[PDB]
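Reviewing the structure listed below.
For reference, chains read A, B, C, D, E and F in written order, and residue numbers begin at 1 within each chain.
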């Protein structure tokens, strides 16, 4: 009776305002009002086609705070199955069989979809296709934006990183975008530039934005921060002007905050840690809520709203 | 009060009609009538001396639909213990200690037995000794034969594969054999021939059979199919007349079905998938029932028959 | 002016009586009359597409007793090249370029041939295609038969082993066969049976033979022995009647000898070592002569006959 | 008495017209007039701090056509030394000791230089520092340009590839640049763009150039081609417009030629192979000459000009 | 009948008589699609056409009860073609292969990772243009262009 | 000319007019071999034949200056076929696809290891029979049978 029922979740693109405003709000309370046993008698599948752990460790914990089960595996090593023969779609069709649901992560980029098709009525959650989509991340992100600035409307956003191979600013953006008129800032070093497609779409739509290579002014008329990471790929003398580092002297502050779907390294400084705008963490602890919401939506038929 | 109590299960040979007709029927309902909590307060051991996963993933799921616990590990890598010193029988004697039961799998071929001896009153389930026995498989197989053709009596069986190193047609056969007068067919390429011992025993007994290298006629007077796998070992130019492949044009059908303790690869065709006689899967989903039956037999004292 | 010049050697099949009687006799003296510098100013390629070492260590040593050079590599690890892109036929075409010749070994089974095509005028020696051909071995074998029994004519041969996947009795046989009327014995355990093609050919031709599972009588009317190896593949409870083991009490001897392109393990006993019919070794030391012969044939234009 | 004596070679930058016109011409004959024994009594070091093989296999072969020796190793595995303690500069200082010279390759990027300092009078050749310099390559390249178009003066060059991380167009360019007025073309996909430093230098100097994303016209007023490679790093959906592929229909030819310090994969087509402008190979076979020249310059005092 | 036409079909009896659509890319179609795995007889050649000579009707292709878009589908490889009818009294009104929006099994995510290419799929790509033709890849949500795809 | 024949060719001008050889395995041939990568026009259909009706000549195939065995080559997939000539005054004397002994690029060592299948080859297999047809594989000196090969 719930919009979400037996629907497989897999790509943020593929989801509707509403929907967001829902997991968004089923999790808000869940957060204020937990329920272990919503799920008892359930078992789930914590398939780690590509070991991942931060994501897994939180998925899971999720299953169990709702009450429930697991059976899963992380791979690349001492994990088996089919290989030099079998199909990730034989794995599933059997798996499909006993399970009640499937978070599952992978290297390739169809899997959740590829697995939809073969797994009849057992919803799949996508922790990752590959370099393609992570709905859990961005809704995880999206909320958190929400409990903070207090709305996903009339914002001052900015995401300073490697917006190029950036897996999550790509989602974030287009979810943060469905909602409206908010201007985005893209402090990217012409190489971790912003792809010319997620734009024509900002443009595409009716929305706005600007460019800068500072963390500076862009920063005072700014509300939540996504610093991605920066790494390999580029030379190792390509970590030349690594100046897009968040650290401590900003004061010309506001009452915004900073985020980063970890894991930080250089991006940002212990020094900061401490002081407001910090959260990268809360940002994390808030995925345990963002997920749950789903899974109980995903698997229940109705709610205690 | 139950025949099965505190008895360790480990080899199909080593089990009695009755017994089969029991797990066979305790699982039939369990299937029609589940019970999570038959087992609560239980923890079990999911020992994967030899990582295996399809088997593990289902064992386990089993523990939990009955309600219960786990603690286990899959190995060949980042798993520890004793090594260049300790005994799989030191592992056990301690394990033995906290657990309530032990599924456990291995490379060598005594283990479950070897472990019986050292594990005083904590039953061991054998997911595998080695190339020796897998009771769970064949009873898993046996049933499934049952819910299908509707009896394990007066059948038309056939197992086309690599009946030589075939781990499961070796069990199957001798269980399917305890019951009676049924004729078996062995479409094997003189090399994956049928060992001269499981026969003298067909013969040994009072039973029958025939030989063919077709999938053809053998097939019309046929009821359930075991296609094994076919692989390595033999040359790679030894996969010359790989003609014992199940695929699609059979029509000269019946209302039988096809099975394969996966995982398929070449053996059989997507094309088939679809259409009846298919099941390889259901065959699988039915192991979650076949196991459970045991474990609650194994560990309870009585029943709600 | 030499039959052998710039011809690539690769498969025993693909060679003519003559030819055999040649490397056969160029090596006989070479053996009695060495020449370092026949080759000076030469470099060669000791390509070990599949590390192999006994074969490599002797190839090589060969290059240098003739005087000369090397450049090569053994692989499966810390060796490079092209991979997830390049062609064993790009490797060669460059290699081809500086070298003067190429011994080269491999996993696949065209390579020497596949490499012929791309390597214009730089002869390739095949130390192995795969499970296909090893000319060096069998001519190595063939000779040695010769310096012994004193001819490759009017013999009593026998090869007790795993004549099935046996790489060398397959060559041996058909070379030992080109010559004439000699009767062969095949003490093979119906599973390491003799393939039905190298036979129809014995038959095919005009030649003879018999079968036995003894080492016994077959043995008194017997002249040179090829015991192959016996291993893996078959069960490990498949090393059941491993009775085809050569050991020591034979006395009902003759003045024959025993051979084995190593490496022995169980096949044969230290005990033997000692006493005549032994040689497995000399058999080896004689490959350093068998090769050389080639390479100088292969690369010179004429001879000091 | 030779400019080159006891000088360590390591970076093309760090070398003078003259010098180029020298190895350039000592190798031209060497090529027309070989000398094994120029070097006898020599041993050299073929240090493969970073296994590399195409480069090694040719270096080496070099040592020996000049007559000489080797002792070396390829690494990343079963190679030893110091580790969790010792210095590539302890390796050297000892090595230094017995050797007569050192080709050596590495991951890091000082090594040859770092090793100069510690290796007193034993010249080092650099097969690679890292992502920094490969003099052997580019002089190897440079010549070859020469025996072809017949001069390194008044050319039509073009290098279509991944001029960004391109290791060799970076050298090539600046050597091909020392000489004069020649115009260069850079068919690079704005991402494998041309770094803004090797330019300001074209500009810096007095020289010219243009840009295009075709292989087309740029191509008719064109004389030697450097296609680099294209790979990893960028997405795998980043191999989107891989249109900078050299293949076969060019006819609107000339009598130029195509080069590529291998190893090709996609860059260019078998189809081409064949027909003129091909050479990628000769380009290779010509490194055996380019090196030698050095080493005998490097180590002799005078010449037979 | 030594090669030609005799487009007698229309229900219980059919024909297909592809005749070089554009040129030497109608063979394609053939595999590009079934239509040879099928009873009815077939007819082709190469018009090496300019179209028609004296009076040229003003159309070509095949005629045989494809579907509706059993086409629309060619929209991509022979947009310039045309189906069926009859010369005396007949039906196949103004029908041109006109973009489908979702090619089906013909093609191939050039992406190297799509699971597509690893298992039991379907090529399903979706089409949008204004640009120069866009094709997405339910599988690996990525966008390539009629080009580079068309090939593979 | 609404589909048919008009086997006007024979030198500077040619045709090819494969007409269902055996059936639904003449498409094959088509790719099975070039002959579509080529100027001259082509003609086919499906004779759904019994051969011929009233008086049937007693032959079929293609006509167009293949070579000699541009065939002999089909010896394997349509042994029962036949080439060219002319109806009034003509030449193509008793010529039947008759085993070649070495198929060339069509096929595939089923062997999993042949280098064949790993690089820039050629399918070259050699043919001997008395048995039921034998094919070797200069590459991986192994012998399979017209069967299992023919497929792949």
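Just so we're on the same page, contacts are C-beta pairs under 8 Å (C-beta built on N, C-alpha and C of every residue); 3 or more make two chains touch, one makes a residue touch a chain.
Visitor: Which of these pairs, C-F, D-E or A-E, matches B-F in more than half of the residue pairs in contact?
Guide: Repeat interface, by the over-half criterion: D-E.
Visitor: More contacting C-beta pairs: A-D or D-E?
Guide: When A-D is set beside D-E, the one with more contacts is D-E.
Visitor: Averaging over Cα atoms per chain, report the distance between chain C and chain D in Å.
Guide: Roughly 41 Å, centre to centre.
Visitor: Indicate the whole-number Å distance between the mean C-alpha point of chain B and the mean C-alpha point of chain D.
Guide: 61
Visitor: Determine the centre-to-centre distance between chain B and chain C, using the mean Cα coordinates as centres, and give it in whole Å.
Guide: Roughly 46 Å, centre to centre.
Visitor: Spell out, as numbers or ranges, the residues of chain D touching 2 or more other chains.
Guide: In chain D, residues 236-237 touch at least two other chains, as defined above.
Visitor: Specify, in ascending order, the residues of chain F that touch 2 or more different other chains.
Guide: 111, 113, 120, 140, 142
Visitor: Touching chain F in the complex: which residues of chain E?
Guide: Touch list, chain E to chain F: 1-7, 17, 19-20, 24, 27, 30-31, 36-37, 39-48.
Visitor: Can you list the residues on chain B that touch chain A in the complex?
Guide: Where chain B meets chain A, its residues are 36, 51-54, 57-58, 60-61, 64-65, 74-79, 262-266, 281, 284-285, 288.
Visitor: With touch defined as at the start, can you tell me which chain A residues reach chain B in the complex?
Guide: 40-41, 43, 69, 71, 73, 77-82, 85-86, 90, 93-95, 97-99
Visitor: With touch defined as at the start, can you tell me which chain A residues reach chain D in the complex?
Guide: So the residues of chain A touching chain D come out as 109, 131, 165, 191, 233, 235-237.
Visitor: Which part of chain C faces chain F closely enough to touch in the complex?
Guide: The touching residues are 11, 13, 87-89, 107-111, 113-114, 129-133, 197.
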